[PDB]
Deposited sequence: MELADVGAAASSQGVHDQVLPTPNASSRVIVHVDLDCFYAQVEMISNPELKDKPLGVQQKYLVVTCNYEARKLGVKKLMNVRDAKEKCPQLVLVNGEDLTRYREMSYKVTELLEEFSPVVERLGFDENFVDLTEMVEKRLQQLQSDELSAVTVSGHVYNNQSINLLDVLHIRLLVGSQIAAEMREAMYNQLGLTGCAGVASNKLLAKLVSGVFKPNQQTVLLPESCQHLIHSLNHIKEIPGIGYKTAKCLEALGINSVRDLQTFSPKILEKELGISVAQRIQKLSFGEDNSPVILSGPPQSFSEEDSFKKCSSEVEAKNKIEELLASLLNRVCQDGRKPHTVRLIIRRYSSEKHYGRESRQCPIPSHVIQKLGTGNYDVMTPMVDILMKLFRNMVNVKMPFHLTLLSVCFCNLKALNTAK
């Protein structure tokens, strides 16, 4: 049996901004990227603003909305890493999911604490936060005890995140990653909940669409929908044989297990990132001249990042998106270029990126690009 916590920061980008400019802490705030409000603080959500909503919709429904620009992710990324490092201090196995979510495997920590316990104050063990579905605790049930100690650790985590980084968030504690992530959002914002095993089925059947299961995305949901599968129960009861043939043995067996609340995937230590990338989207790029300036701009940003990181990238990738869905070209970085960080690495790197660009884009015939991205990977 495992004890897993999922930590999910409240309106992360908005929190980072409200900390940067505390004069926003009291007003409805929205963080904008191009024409989207990607996230907003809880005051704005109260005024009917939704995640990933159009700035037109948002401006009309809530003309008092204060917008800050969140296209440069630098500060969010930096705070994101402070959070996971703080969690890694609790237990070293921490898996990041995007910038604002972490899983921690607490089972070793829980076991250590229980061993230190006397029967005197084992009486006595208490929950911190909400119990999912108001389920009764059985102090004689060792699984219940282990999960409650988890909720205590989770509370210490949220307290340290607030006290040391100024950030609030939710936590969900359960026996695997799927359930911990489903349960962490039951009470929001800035609260936590623990899932006892006999409420597992209640949690999974509380979902309304199979897309709400982590692991089942747009494409997979579409296939399932095609098969007449709509509820969690539908997926639970659909023919394994048929499903296996429709989506392949790997996806079928995995997602069908997910529909019963079963997930044996380990919490993986994320550690340092395996790639660095920067991108810009735009309405139109139809010339190599600006394509180069664009790319130079991105390359500038990236180099600062590999600079302070330490490790060195052994491959570059250039990515594009044409009008009306992405294409990419990569190649190893010349060994001599790799030794760069106090000379002029720009020019030779731009040279390589442009060769890659022309290989993928016919510059002798009109082109219409709508995104450019540069990615460094294969770090050593």
Could you name the stretches of the deposited sequence that have no C-alpha atoms in this structure? 1-26, 351-355, 373-375, 415-420
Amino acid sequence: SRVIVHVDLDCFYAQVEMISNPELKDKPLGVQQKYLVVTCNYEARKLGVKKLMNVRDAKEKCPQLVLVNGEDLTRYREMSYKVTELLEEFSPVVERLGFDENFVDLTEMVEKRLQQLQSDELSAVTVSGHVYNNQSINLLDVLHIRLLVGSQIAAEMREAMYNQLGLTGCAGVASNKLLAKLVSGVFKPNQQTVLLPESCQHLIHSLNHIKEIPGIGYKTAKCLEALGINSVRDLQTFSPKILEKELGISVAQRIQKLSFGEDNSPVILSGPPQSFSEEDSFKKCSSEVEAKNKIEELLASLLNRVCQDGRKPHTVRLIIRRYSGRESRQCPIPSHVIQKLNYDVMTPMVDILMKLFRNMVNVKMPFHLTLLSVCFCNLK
From here on, numbers count along this sequence of modelled residues.
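Only the largest set of C-alpha atoms that superpose within 1.5 Å between the two forms is called the rigid core.
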For a rigid core alignment of each structure in 9 other deposited structures of this protein onto the shown form, which stretch has the higher root mean square Cα deviation: 280-288 or 237-245? 280-288
Could you say which moves further from this form in 9 other deposited structures of this protein, stretch 148-156 or stretch 119-127, by root mean square CA distance after aligning on the core? 119-127
As a check of understanding, is residue 344 unmodelled in at least a third of the other compared entries that model its flanking residues? yes
Is residue 357 without coordinates in at least a third of the other compared PDB entries of this protein that model the residues flanking it? no
Once you work out the mean C-alpha B-factor for both 11-19 and 368-376 from the entry, which is higher? 368-376
Using only the Cα atoms and their B-factors as the entry lists them, report which of 300-308 and 125-133 averages higher. 300-308
Comparing C-alpha B-factors across 40, 52, 320, 66 in this entry, the winner is 66
According to the deposited entry, which of 32, 315, 328, 324 has the largest Cα B-factor? 324
Of the three thirds of Cα B-factor ranks in this chain, residue 119 occupies the highest
Check where residue 99 lands among this chain's C-alpha B-factors and tell me if it's the lowest, middle or highest third. lowest
Ordered by C-alpha B-factor within the chain, which third holds residue 218? Give me lowest, middle or highest, please. highest
Once the chain's modelled residues are ordered by C-alpha B factor and cut into thirds, is residue 78 in the lowest, middle or highest one? lowest
Residue 278: C-alpha B-factor third of its chain, per the entry, is the middle
